[PDB]
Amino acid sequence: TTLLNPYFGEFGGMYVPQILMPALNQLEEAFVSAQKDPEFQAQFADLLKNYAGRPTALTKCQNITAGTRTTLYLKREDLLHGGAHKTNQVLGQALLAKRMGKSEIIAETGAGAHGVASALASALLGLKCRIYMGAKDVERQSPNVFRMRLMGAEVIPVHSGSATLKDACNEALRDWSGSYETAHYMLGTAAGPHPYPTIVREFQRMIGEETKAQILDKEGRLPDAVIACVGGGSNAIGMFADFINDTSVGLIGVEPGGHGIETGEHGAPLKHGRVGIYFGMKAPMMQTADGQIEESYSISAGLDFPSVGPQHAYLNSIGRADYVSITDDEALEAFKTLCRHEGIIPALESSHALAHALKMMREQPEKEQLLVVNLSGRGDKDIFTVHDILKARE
């Protein structure tokens, strides 16, 4: 039994080995208790404001919408301490870990942004942090490896399987199943077994709350749509949550199309996968006909994962949110555009969301539309990878 509903429609659940159920139950109880605890809320608020720097800016694009009827704002999670939205919910989960008397943190990371967030929170709050990261990601997101190590965290390369985020996730869960009495698993996305999709949403919901207040102050109305990239689903659910009941506001999630959906080298299970059970949840999976979990692919380590969080699968199923895909090349064009015409270097993950917004504008340039893109992080981690790619071209 649980305190909260583990499902969103048919999706979600707690598909973990029995050994881990007490840890999940404990985390759920700690969360429910913390959510009613003014002292916890005040500590969380203090860290978000005075340590991480919230509220973040909402920037109106000056240049990239010229000659169209699109007004585009960017929610600047790239300015949060650590350089990505990942910091918000890590501060909340770190406080939960302390509330539960845990001394150690396990985290998975793909882009390394969740790894950096976990390391910095652990340094501040006195936790011993170990981070699993696929060996391919260790190379292509190397600046984040340097940042995590300089903060004292243990970074454990994972060579298994695809050597990317899925493989890190597997190793983190395997470790947790043998260390949960002392270590909290600080899962970095709105996916995995209950209660993580719920906790991660609730600890990211300030993104959409601020966005709503900011757009109301600047434009005197709600946005026509809010657009976010979708890995496991945290930055997008964080932006979406406070708008779910505002039925006029479109919620658009962008999965990675990789080399193209038709190649099978992508990370877009919500629209091109099939429901299955893996990593603690019933959710859309990239899988073979006989039910083996596939390996995903994206240029962006943070989106390179063959599943998606269950609340997105649910919001899609009922038609409340719409999901699309953007290829590596589309994401690269949007990255270059923002650097050269707005002076902002975005994460390649966030560049998927921007690419779709720019398509919405370009495809129908006389359509009046007020759009917000969740600029989920900065692109410092990506600059070597991108420069190399562009040089091999230009």
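Just count from 1 along the sequence shown to find any residue number.
**Q** Out of 186-194 and 240-248, which stretch has the higher average CA B-factor listed in the record?
**A** Result of the comparison: 240-248.
**Q** Compare the mean C-alpha B-factor of 176-184 with that of 254-262 as given in the PDB entry, and name the stretch with the higher value.
**A** Stretch with the greater average CA B-factor: 176-184.
**Q** Using the temperature factors in the entry, find which of 32, 326, 357, 334 has the highest value at its Cα atom.
**A** That would be 32.
**Q** Which listed residue, 233, 126, 115, 267, has the largest C-alpha temperature factor in the record?
**A** Highest C-alpha B-factor among the listed options: 126.
**Q** What third of the chain does residue 36 rank in for C-alpha temperature factor, lowest, middle or highest?
**A** For residue 36, the deposited C-alpha B-factor lands in the highest third.
**Q** Please say which third, lowest, middle or highest, residue 201 falls into when its CA temperature factor is compared across its chain.
**A** Its C-alpha B-factor, which the entry lists for residue 201, ranks in the middle third among residues of this chain.
**Q** According to the PDB entry, is the CA B factor of residue 310 in the bottom, middle or top third of its chain, that is, lowest, middle or highest?
**A** Lowest third.
**Q** Based on the entry's values, in what third of the chain does the Cα temperature factor of residue 151 lie: lowest, middle or highest?
**A** Top third by C-alpha B-factor.
**Q** Which third, lowest, middle or highest, does the CA B-factor of residue 13 fall in along this chain?
**A** It belongs to the middle third of the chain when residues are ordered by C-alpha B-factor.
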